[PDB]
Amino acid sequence: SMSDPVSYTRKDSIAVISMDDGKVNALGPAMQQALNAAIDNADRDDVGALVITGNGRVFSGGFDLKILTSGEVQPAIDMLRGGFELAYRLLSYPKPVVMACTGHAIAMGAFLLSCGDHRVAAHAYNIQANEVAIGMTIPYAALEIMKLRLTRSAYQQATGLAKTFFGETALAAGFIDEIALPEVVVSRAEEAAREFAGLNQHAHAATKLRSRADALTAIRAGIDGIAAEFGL
Amino acid sequence: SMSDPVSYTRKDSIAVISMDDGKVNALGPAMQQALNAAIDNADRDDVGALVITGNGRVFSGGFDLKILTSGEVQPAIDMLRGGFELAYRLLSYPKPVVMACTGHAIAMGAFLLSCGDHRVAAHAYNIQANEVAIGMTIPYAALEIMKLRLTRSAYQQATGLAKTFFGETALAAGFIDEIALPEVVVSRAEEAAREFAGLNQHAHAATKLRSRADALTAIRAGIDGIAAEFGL
Amino acid sequence: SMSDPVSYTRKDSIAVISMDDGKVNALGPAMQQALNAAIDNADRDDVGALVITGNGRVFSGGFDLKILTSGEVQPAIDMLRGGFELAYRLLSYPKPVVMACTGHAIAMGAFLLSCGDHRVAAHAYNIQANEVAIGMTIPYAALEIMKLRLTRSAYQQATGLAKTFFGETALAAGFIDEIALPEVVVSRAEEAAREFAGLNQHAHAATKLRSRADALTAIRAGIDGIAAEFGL
Ligand SMILES: C[C@H](O)CC(=O)SCCNC(=O)CCNC(=O)[C@H](O)C(C)(C)COP(=O)(O)OP(=O)(O)OC[C@H]1O[C@@H](n2cnc3c(N)ncnc32)[C@H](O)[C@@H]1OP(=O)(O)O
Ligand SMILES: C[C@H](O)CC(=O)SCCNC(=O)CCNC(=O)[C@H](O)C(C)(C)COP(=O)(O)OP(=O)(O)OC[C@H]1O[C@@H](n2cnc3c(N)ncnc32)[C@H](O)[C@@H]1OP(=O)(O)O
Ligand SMILES: C[C@H](O)CC(=O)SCCNC(=O)CCNC(=O)[C@H](O)C(C)(C)COP(=O)(O)OP(=O)(O)OC[C@H]1O[C@@H](n2cnc3c(N)ncnc32)[C@H](O)[C@@H]1OP(=O)(O)O
């Protein structure tokens, strides 16, 4: 529900964090707080791997449009910063993170999805940075998140042309790693997480950092300079 | 024709620039001048998007071989510089640029094609940097153009091995973004351009620059140091 | 055989170097020495292109596990250094290098494979950096080798998740360039090498260096600092 938008469930060697705000899983302050608290739970439980899911309608429609279009600049910037901080937290997470993309993933929803080690979606789910289409220049933090995953040509189209990807085109582009039928997206993600929990955790954590260090530093710059994009 | 190699046609929200020198659309001085004048026209008309096409035989066979093999170094270097300047102009263009690859695109023809935001070709059209095959080391400006679009492994083969791509292999590699039947390549490119004209133009222009800044600077270096590759 | 693990055969414009230690072509000191001596032969014979093959069981199972798990640090580090030096030698080789991946390629076997200009494998052959799975953090030299060839998303999974690729997934990822049936892998590699020998050799050598300079420097750093990864 809107006031209780995240659930946390431990299943043996994994933890499953599910977003369902009863709508489109907007990544506002309350959702970010709930997600950070759920990841805190995973930290305390020292789980072997993390699964993050959306609901039956979407993975996430991205940042909360209401806060963005409210005329109040500061809450908007804090929300953006918190969202990209969460992305940074997941990208640098010391356990394997598997995303269960259970519906469309748009804008920050797509950026968030792109922070999983392994991403599972169904063929019919749209993944898109629609920012340019609706009149927003893509923040550097979001650009660097996408740049880490998208092929060179997909990165060009996804950004400048707000291109929509799905299924085989998303897989080819690097917006997802695996396609499954809608009814087994979550199950496949859990199965994958259980497998990755069998990897050596220390080598995994060290290796993923080595494979991402440059992007993490650029994302950090994008987070810290976010206000400056808007002249604040 | 050879003396009148470019046409410019405004269609509602787009402008269509067509190369047809009656042969292989060689990118010599007269062609570059005509293309720059056509883009000047688009600038004055402030169109929503640009389509650039070849003729029924090729997109372009690249730089004019006659000028290259004439024994006169300076016209050769000026032609190269002008060609890569045109590439830079298109890559940084503030409106969406759609390439209608209406036949083969070889060497500078392929480099030029790689400057469109969206590239449409038919399955049978060869796209190739044949430089290494014919005894030329690829200029840095051309390397950086390709590096921005080609997957890591395609970039290796396209350069060092002068590999030819087409259709599905070109799409996979990042030498094109869309495949269409020969008879609708131009129509599909126009349709795409009309769509992209509906994107927010300011966000598009800003975002494409952010997504290309490093490549643009490297291409600029390649242009400015072009003479130095040949010890001049 | 184990004591005579490499053969060198000149065929017209190419040389064929075949690994067969009677087992899994482990890249220990004796194998590295034999390979370097075979490449020395190719240097003296000034061949048009190089083909490197495995045996009927594998391309290579990577570094010699016995030396790695012997409790003696220095032979282990020398072996690693020599292996990555060989990789560097092949990546910077002035003639086209074609890999005939005649079976699985695991860990350094996969890193070695990734040093060919053109890589041919059969659909059933596994290619995997299994380091994270078995408890090793991937060395920087190996990371940079893979980074030069793998798509952005394949690079993430191949490293942090020790993902196994094969056939179409290897081709898509950039772990190979061509798939052939097992019985013609070597023949196809030879045919390709003969073709590449027809490229202009000077332009090939210059162009491949330009297309790899950054990676070569990073690999060199990884080689020279290899001891430092282990605090030596
Ligand atoms: C850099 C940063 O990313 C900056 C930005 O945020 S730029 C803005 C990017 N965000 C968007 O444009 C929003 C994306 N939303 C969507 O694409 C679609 O709504 C969707 C695919 C998620 C859902 O599609 P669809 O099922 O057709 O539902 P749709 O009719 O569009 O809207 C569903 C409801 O959710 C609301 N909603 C949708 N997305 C929302 C969001 N991000 N925040 C708040 N509310 C949202 C709608 O206003 C509508 O509300 P209502 O039922 O109470 O009227
Ligand atoms: C860094 C820079 O890129 C440096 C360089 O330019 S390196 C040189 C790269 N360019 C080339 O090698 C040229 C590429 N050309 C081609 O690949 C092929 O000609 C093509 C695919 C474009 C056309 O193929 P095809 O239809 O078989 O025509 P083909 O017989 O080759 O030649 C067509 C005619 O155009 C000419 N021509 C072809 N390409 C030309 C070019 N770039 N400039 C001038 N003339 C050219 C031919 O000489 C022939 O002329 P003719 O009819 O008057 O004799
Ligand atoms: C950074 C660096 O890469 C650091 C590292 O080396 S980390 C370690 C990475 N290496 C490995 O884990 C080894 C990889 N090996 C394999 O994956 C598999 O053995 C293989 C696919 C190559 C062969 O599989 P399979 O046919 O099932 O044979 P398998 O039963 O595993 O072993 C075959 C035999 O070769 C041995 N062997 C396998 N790989 C070996 C290696 N790299 N070195 C030495 N011996 C090896 C086995 O111990 C066994 O020996 P035996 O017949 O005398 O008992």
Side-chain angles (χ1 to χ4, degrees), chain A residues 68-69 84 106-107 110-111 114 128-175 211 214-215 217-219 221-222 225-226 228-231, chain B residues 49 91-99 113-120 127 144-156 158 165 168-179 192-193 195-216:
Chain A
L68 282 170
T69 65
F84 292 122
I106 309 297
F111 309 146
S114 304
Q128 177 198 23
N130 71 334
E131 277 78 356
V132 163
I134 60 90
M136 176 126 192
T137 296
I138 304 174
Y140 276 99
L143 289 178
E144 299 285 343
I145 290 166
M146 288 185 285
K147 198 196 302 179
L148 181 63
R149 307 309 277 278
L150 298 189
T151 62
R152 286 154 174 194
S153 273
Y155 178 67
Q156 293 302 315
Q157 301 218 314
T159 53
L161 299 178
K163 173 176 179 182
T164 301
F165 300 82
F166 42 84
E168 294 291 336
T169 78
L171 179 63
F175 253 139
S211 76
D214 287 345
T217 290
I219 292 162
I226 192 90
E229 293 199 23
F230 317 114
Chain B
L91 273 170
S92 57
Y93 203 68
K95 315 295 181 55
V97 177
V98 179
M99 302 287 185
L113 174 60
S114 304
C115 298
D117 296 290
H118 185 68
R119 304 156 291 176
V120 187
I127 302 165
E144 299 285 343
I145 290 166
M146 288 185 285
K147 198 196 302 179
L148 181 63
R149 307 309 277 278
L150 298 189
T151 62
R152 286 154 174 194
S153 273
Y155 178 67
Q156 293 302 315
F165 300 82
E168 294 291 336
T169 78
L171 179 63
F175 253 139
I176 58 183
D177 311 286
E178 172 178 7
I179 303 163
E195 181 185 343
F196 300 146
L199 295 173
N200 182 281
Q201 186 275 317
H202 291 94
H204 171 74
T207 298
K208 73 199 301 179
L209 290 182
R210 291 177 179 204
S211 76
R212 290 175 190 174
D214 287 345
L216 287 164

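Within every chain, numbering begins at 1; the chains are lettered A, B, ... in the order of the sequence lines, protein sequences first and strands thereafter.
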Between A:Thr151 and B:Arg152: side-chain donor-acceptor atoms closer than 3.5 Å: no
Gap separating the NE2 atom of B:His204 from the OG1 atom of A:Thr159, nearest 0.5 angstrom: 9.5 Å
A:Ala133 portion near chain B, given a 4.5 angstrom heavy-atom threshold: both
Residues B:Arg210 and A:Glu229 bridged, charged N to O under 4.0 Å: yes
B:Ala203 versus A:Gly135, closest heavy-atom pair with distance: CB-C, 4.0 Å
Pairwise distance CG(B:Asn200) to CG(A:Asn130) - rounded to 0.5 angstrom: 12.0 Å
Exercise: identify the closest heavy-atom pair between A:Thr137 and B:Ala206: OG1-CB, 3.5 Å
Option in A:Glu131, A:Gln157, A:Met146 with maximal non-hydrogen atom pairs under 4.5 Å from chain B: A:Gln157
When A:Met136, A:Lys163, A:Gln156 are compared by non-hydrogen pairs under 4.5 Å with chain B, the top option: A:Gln156
Closest-packed option against chain A by number of heavy-atom pairs under 4.5 Å, given B:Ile176, B:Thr207, B:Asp117, B:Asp177: B:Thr207
Donor-acceptor contact below 3.5 Å, side chain A:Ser153 vs main chain B:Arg149: yes
Interchain contact, A:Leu161 with chain B, by part (heavy-atom threshold 4.5 Å): both
